[PDB]
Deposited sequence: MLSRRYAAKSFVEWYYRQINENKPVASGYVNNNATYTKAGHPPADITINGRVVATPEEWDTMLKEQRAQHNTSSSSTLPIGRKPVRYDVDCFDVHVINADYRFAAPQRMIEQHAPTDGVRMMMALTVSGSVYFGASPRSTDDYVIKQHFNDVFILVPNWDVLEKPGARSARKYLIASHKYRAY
């Protein structure tokens, strides 16, 4: 499996598992990371259904707002795809990271991720037929490496790459 696809698939799984488990997803954003903040990275660019959001916490709150035997809100990832838009990402990186890892090692890469699926409101946790209303969602992320983690042998795809940009759409 491709290194990018693995990171992508895994991030996707975590993210939507966290949303469906009613857990905060702010951690996955570059805003809460200390290294990037120390390096002087802008806050993550989050856009929900056309509304610009200031912080991932606000987005996490919106996710709670939306939730107000049947599950209130559930996300079903139908598909996703990831591209590499920087092979040589060096921002906020220690010096060692640049010399040890090459662009062909599939670690120092800025990724453009797109995810598309459905959104079932007031439906059975396992049924895709019965629902109050069904939306179609299409997410778009820009993922950056987490320099603090790629040193640690232990691996969470959740931390392994961080969100710098987010575009949520649902209709």
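Going by the record, the unmodelled stretch of the deposited sequence is 69-80, and nothing else is missing.
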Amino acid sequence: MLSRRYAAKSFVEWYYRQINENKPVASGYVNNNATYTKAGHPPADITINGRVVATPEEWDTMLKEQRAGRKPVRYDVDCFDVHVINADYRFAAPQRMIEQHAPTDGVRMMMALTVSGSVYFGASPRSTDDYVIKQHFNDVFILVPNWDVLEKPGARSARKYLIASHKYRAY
From here on, numbers count along this sequence of modelled residues.
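The mean Cα B-factor in the deposited entry runs higher for 124-132 than for the other of 32-40 and 124-132. When the mean C-alpha temperature factors of 100-108 and 43-51 are read from the deposited coordinates, 100-108 comes out higher. By the numbers in the PDB entry, the CA B factor is greatest at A68 among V115, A68, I142, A26. The PDB entry assigns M1 a C-alpha temperature factor belonging to the highest third of its chain's modelled residues. Annotation for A158: CA B-factor lies in the highest third of the chain's modelled residues.
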